[PDB]
file model-v8.txt (compact mmCIF, C-alpha atoms and all ligand atoms)
# COMPACT_ATOMS: atom_id res chain seq x y z
CA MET A 1 72.55 62.65 88.71
CA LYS A 2 73.35 65.40 91.18
CA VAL A 3 75.74 68.18 90.01
CA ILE A 4 77.19 71.41 91.28
CA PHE A 5 76.81 74.28 88.79
CA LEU A 6 80.03 76.25 88.21
CA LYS A 7 78.37 78.60 85.74
CA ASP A 8 74.77 79.64 84.94
CA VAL A 9 73.19 77.44 82.30
CA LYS A 10 70.00 79.07 81.03
CA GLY A 11 67.00 76.84 81.51
CA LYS A 12 68.95 74.37 83.64
CA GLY A 13 70.78 75.94 86.52
CA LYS A 14 72.63 78.80 88.20
CA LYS A 15 76.18 79.03 89.45
CA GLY A 16 76.34 77.59 93.00
CA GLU A 17 73.25 75.38 92.83
CA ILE A 18 73.40 71.69 93.62
CA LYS A 19 70.70 69.80 91.83
CA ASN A 20 69.65 66.76 89.87
CA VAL A 21 69.91 66.71 86.06
CA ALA A 22 69.61 64.11 83.33
CA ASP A 23 72.71 61.89 83.17
CA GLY A 24 73.18 62.28 79.38
CA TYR A 25 73.02 66.04 79.71
CA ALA A 26 75.61 66.09 82.55
CA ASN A 27 77.94 63.70 80.66
CA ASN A 28 77.70 65.16 77.10
CA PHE A 29 77.28 68.87 77.91
CA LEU A 30 77.86 70.10 81.48
CA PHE A 31 80.99 68.06 82.36
CA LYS A 32 82.34 68.27 78.79
CA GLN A 33 82.16 72.07 78.84
CA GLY A 34 83.24 72.55 82.52
CA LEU A 35 79.84 73.99 83.44
CA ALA A 36 79.23 71.68 86.37
CA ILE A 37 80.96 68.91 88.27
CA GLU A 38 79.67 65.75 89.91
CA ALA A 39 78.21 66.42 93.40
CA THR A 40 80.39 63.85 95.24
CA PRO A 41 81.74 64.43 98.79
CA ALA A 42 85.28 64.67 97.40
CA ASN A 43 84.25 67.28 94.84
CA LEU A 44 82.42 69.42 97.35
CA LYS A 45 85.46 69.50 99.62
CA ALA A 46 87.78 70.36 96.79
CA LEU A 47 85.37 73.02 95.50
CA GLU A 48 84.97 74.66 98.89
CA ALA A 49 88.80 74.79 99.17
CA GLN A 50 89.08 76.45 95.77
CA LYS A 51 86.26 79.03 96.22
ZN ZN A 101 72.18 58.20 86.98
ZN ZN A 102 79.72 83.98 86.18
ZN ZN A 103 73.03 84.24 87.12
ZN ZN A 104 87.40 72.36 90.42

call {"tool": "encode", "arguments": {"input": "model-v8.txt", "output": "structure tokens"}}
result
Amino acid sequence: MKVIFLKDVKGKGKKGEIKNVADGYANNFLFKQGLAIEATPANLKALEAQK
């Protein structure tokens, strides 16, 4: 699934990147720890507002 990285995650992604990752890794690690959010239209809008 496509995510937006909020923080660098070594080996996986860098803050600001939008990219595809394994679903289990997004669900159980990235989302759980606030390291990325789902790359939905709503989230991109909200994120751009908060930047
Ligand atoms: Zn999926
Ligand atoms: Zn940082
Ligand atoms: Zn970095
Ligand atoms: Zn946010």

call {"tool": "residues_near_ligand", "arguments": {"input": "model-v8.txt", "ligand": "ligand ZN 104 (chain A)", "cutoff": "10 Å", "atoms": "all atoms listed in the file", "output": "list in words"}}
result
residues 6, 34, 36, 37, 43, 44, 45, 46, 47, 48, 49, 50 and 51 of chain A

call {"tool": "write_last_selection", "arguments": {"input": "model-v8.txt", "atoms": "C-alpha atoms", "output": "short mmCIF file (atom, residue, chain, number, x, y, z; two decimals), keeping the file's coordinate frame"}}
result
data_model
loop_
_atom_site.label_atom_id
_atom_site.label_comp_id
_atom_site.auth_asym_id
_atom_site.auth_seq_id
_atom_site.Cartn_x
_atom_site.Cartn_y
_atom_site.Cartn_z
CA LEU A 6 80.03 76.25 88.21
CA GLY A 34 83.24 72.55 82.52
CA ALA A 36 79.23 71.68 86.37
CA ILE A 37 80.96 68.91 88.27
CA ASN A 43 84.25 67.28 94.84
CA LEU A 44 82.42 69.42 97.35
CA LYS A 45 85.46 69.50 99.62
CA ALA A 46 87.78 70.36 96.79
CA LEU A 47 85.37 73.02 95.50
CA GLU A 48 84.97 74.66 98.89
CA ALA A 49 88.80 74.79 99.17
CA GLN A 50 89.08 76.45 95.77
CA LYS A 51 86.26 79.03 96.22
#

call {"tool": "residues_around", "arguments": {"input": "model-v8.txt", "residues": "residue 33 of chain A", "least_positions_apart": "4", "cutoff": "12 Å", "atoms": "all atoms listed in the file", "output": "PyMOL selection string"}}
result
chain A and resi 5-7+9+25-29+37

call {"tool": "residues_around", "arguments": {"input": "model-v8.txt", "residues": "residue 10 of chain A", "least_positions_apart": "5", "cutoff": "12 Å", "atoms": "only C-alpha atoms", "output": "PyMOL selection string"}}
result
chain A and resi 5+15+30+35

call {"tool": "atom_distance", "arguments": {"input": "model-v8.txt", "atom1": "atom CA of residue 21 of chain A", "atom2": "atom ZN of ligand ZN 102 (chain A)"}}
result
19.9 Å

call {"tool": "residues_near_ligand", "arguments": {"input": "model-v8.txt", "ligand": "ligand ZN 101 (chain A)", "cutoff": "10 Å", "atoms": "only C-alpha atoms and all ligand atoms", "output": "count of residues only"}}
result
8

call {"tool": "closest_residue", "arguments": {"input": "model-v8.txt", "among": "A:19, A:13, A:8, A:3", "to": "ligand ZN 102 (chain A)", "atoms": "all atoms listed in the file"}}
result
A:8

call {"tool": "closest_residue", "arguments": {"input": "model-v8.txt", "among": "A:41, A:4, A:16, A:32", "to": "ligand ZN 102 (chain A)", "atoms": "all atoms listed in the file"}}
result
A:16

call {"tool": "build_atoms", "arguments": {"input": "model-v8.txt", "residues": "segment 7-29 of chain A", "atoms": "N, CA, C and O atoms", "output": "PDB file, in the coordinates of the input"}}
result
ATOM      1  N   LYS A   7      78.757  77.491  86.587  1.00  0.00           N
ATOM      2  CA  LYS A   7      78.370  78.600  85.740  1.00  0.00           C
ATOM      3  C   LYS A   7      76.861  78.524  85.552  1.00  0.00           C
ATOM      4  O   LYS A   7      76.306  77.451  85.658  1.00  0.00           O
ATOM      5  N   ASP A   8      76.200  79.651  85.271  1.00  0.00           N
ATOM      6  CA  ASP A   8      74.770  79.640  84.940  1.00  0.00           C
ATOM      7  C   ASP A   8      74.579  78.881  83.646  1.00  0.00           C
ATOM      8  O   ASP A   8      75.348  79.068  82.692  1.00  0.00           O
ATOM      9  N   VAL A   9      73.540  78.076  83.580  1.00  0.00           N
ATOM     10  CA  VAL A   9      73.190  77.440  82.300  1.00  0.00           C
ATOM     11  C   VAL A   9      71.712  77.707  82.115  1.00  0.00           C
ATOM     12  O   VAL A   9      70.900  77.180  82.872  1.00  0.00           O
ATOM     13  N   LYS A  10      71.374  78.558  81.142  1.00  0.00           N
ATOM     14  CA  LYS A  10      70.000  79.070  81.030  1.00  0.00           C
ATOM     15  C   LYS A  10      69.015  77.949  80.804  1.00  0.00           C
ATOM     16  O   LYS A  10      69.207  77.103  79.948  1.00  0.00           O
ATOM     17  N   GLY A  11      67.980  77.901  81.621  1.00  0.00           N
ATOM     18  CA  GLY A  11      67.000  76.840  81.510  1.00  0.00           C
ATOM     19  C   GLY A  11      67.313  75.667  82.410  1.00  0.00           C
ATOM     20  O   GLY A  11      66.444  74.849  82.667  1.00  0.00           O
ATOM     21  N   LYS A  12      68.551  75.561  82.887  1.00  0.00           N
ATOM     22  CA  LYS A  12      68.950  74.370  83.640  1.00  0.00           C
ATOM     23  C   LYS A  12      69.405  74.671  85.065  1.00  0.00           C
ATOM     24  O   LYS A  12      69.070  73.962  86.011  1.00  0.00           O
ATOM     25  N   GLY A  13      70.222  75.688  85.213  1.00  0.00           N
ATOM     26  CA  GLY A  13      70.780  75.940  86.520  1.00  0.00           C
ATOM     27  C   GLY A  13      71.634  77.196  86.611  1.00  0.00           C
ATOM     28  O   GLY A  13      72.001  77.802  85.604  1.00  0.00           O
ATOM     29  N   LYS A  14      71.938  77.558  87.858  1.00  0.00           N
ATOM     30  CA  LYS A  14      72.630  78.800  88.200  1.00  0.00           C
ATOM     31  C   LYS A  14      73.851  78.434  88.989  1.00  0.00           C
ATOM     32  O   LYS A  14      73.830  77.488  89.786  1.00  0.00           O
ATOM     33  N   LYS A  15      74.913  79.199  88.761  1.00  0.00           N
ATOM     34  CA  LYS A  15      76.180  79.030  89.450  1.00  0.00           C
ATOM     35  C   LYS A  15      75.974  78.870  90.963  1.00  0.00           C
ATOM     36  O   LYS A  15      75.351  79.702  91.585  1.00  0.00           O
ATOM     37  N   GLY A  16      76.479  77.799  91.553  1.00  0.00           N
ATOM     38  CA  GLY A  16      76.340  77.590  93.000  1.00  0.00           C
ATOM     39  C   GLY A  16      75.284  76.573  93.396  1.00  0.00           C
ATOM     40  O   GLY A  16      75.359  75.987  94.456  1.00  0.00           O
ATOM     41  N   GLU A  17      74.305  76.341  92.540  1.00  0.00           N
ATOM     42  CA  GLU A  17      73.250  75.380  92.830  1.00  0.00           C
ATOM     43  C   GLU A  17      73.741  73.945  92.738  1.00  0.00           C
ATOM     44  O   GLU A  17      74.568  73.597  91.886  1.00  0.00           O
ATOM     45  N   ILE A  18      73.188  73.126  93.617  1.00  0.00           N
ATOM     46  CA  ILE A  18      73.400  71.690  93.620  1.00  0.00           C
ATOM     47  C   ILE A  18      72.075  71.038  93.288  1.00  0.00           C
ATOM     48  O   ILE A  18      71.107  71.195  94.017  1.00  0.00           O
ATOM     49  N   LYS A  19      71.993  70.333  92.184  1.00  0.00           N
ATOM     50  CA  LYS A  19      70.700  69.800  91.830  1.00  0.00           C
ATOM     51  C   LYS A  19      70.811  68.638  90.889  1.00  0.00           C
ATOM     52  O   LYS A  19      71.877  68.381  90.339  1.00  0.00           O
ATOM     53  N   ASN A  20      69.686  67.952  90.697  1.00  0.00           N
ATOM     54  CA  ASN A  20      69.650  66.760  89.870  1.00  0.00           C
ATOM     55  C   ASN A  20      69.409  67.170  88.416  1.00  0.00           C
ATOM     56  O   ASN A  20      68.661  68.144  88.150  1.00  0.00           O
ATOM     57  N   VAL A  21      70.109  66.492  87.493  1.00  0.00           N
ATOM     58  CA  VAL A  21      69.910  66.710  86.060  1.00  0.00           C
ATOM     59  C   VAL A  21      69.969  65.347  85.364  1.00  0.00           C
ATOM     60  O   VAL A  21      70.417  64.351  85.937  1.00  0.00           O
ATOM     61  N   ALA A  22      69.522  65.319  84.127  1.00  0.00           N
ATOM     62  CA  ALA A  22      69.610  64.110  83.330  1.00  0.00           C
ATOM     63  C   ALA A  22      71.074  63.685  83.182  1.00  0.00           C
ATOM     64  O   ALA A  22      71.957  64.543  82.956  1.00  0.00           O
ATOM     65  N   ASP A  23      71.335  62.384  83.245  1.00  0.00           N
ATOM     66  CA  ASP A  23      72.710  61.890  83.170  1.00  0.00           C
ATOM     67  C   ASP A  23      73.368  62.210  81.831  1.00  0.00           C
ATOM     68  O   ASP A  23      74.536  62.586  81.788  1.00  0.00           O
ATOM     69  N   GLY A  24      72.630  62.059  80.729  1.00  0.00           N
ATOM     70  CA  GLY A  24      73.180  62.280  79.380  1.00  0.00           C
ATOM     71  C   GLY A  24      73.535  63.746  79.156  1.00  0.00           C
ATOM     72  O   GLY A  24      74.496  64.088  78.456  1.00  0.00           O
ATOM     73  N   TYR A  25      72.773  64.613  79.798  1.00  0.00           N
ATOM     74  CA  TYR A  25      73.020  66.040  79.710  1.00  0.00           C
ATOM     75  C   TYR A  25      74.242  66.429  80.533  1.00  0.00           C
ATOM     76  O   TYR A  25      75.051  67.228  80.074  1.00  0.00           O
ATOM     77  N   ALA A  26      74.371  65.889  81.750  1.00  0.00           N
ATOM     78  CA  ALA A  26      75.610  66.090  82.550  1.00  0.00           C
ATOM     79  C   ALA A  26      76.859  65.572  81.788  1.00  0.00           C
ATOM     80  O   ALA A  26      77.873  66.268  81.649  1.00  0.00           O
ATOM     81  N   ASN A  27      76.798  64.321  81.330  1.00  0.00           N
ATOM     82  CA  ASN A  27      77.940  63.700  80.660  1.00  0.00           C
ATOM     83  C   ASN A  27      78.381  64.397  79.337  1.00  0.00           C
ATOM     84  O   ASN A  27      79.574  64.725  79.162  1.00  0.00           O
ATOM     85  N   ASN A  28      77.415  64.702  78.473  1.00  0.00           N
ATOM     86  CA  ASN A  28      77.700  65.160  77.100  1.00  0.00           C
ATOM     87  C   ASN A  28      77.769  66.684  76.954  1.00  0.00           C
ATOM     88  O   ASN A  28      78.211  67.196  75.904  1.00  0.00           O
ATOM     89  N   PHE A  29      77.323  67.410  77.978  1.00  0.00           N
ATOM     90  CA  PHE A  29      77.280  68.870  77.910  1.00  0.00           C
ATOM     91  C   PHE A  29      77.949  69.521  79.131  1.00  0.00           C
ATOM     92  O   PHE A  29      79.001  70.148  79.006  1.00  0.00           O
TER      93      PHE A  29
END
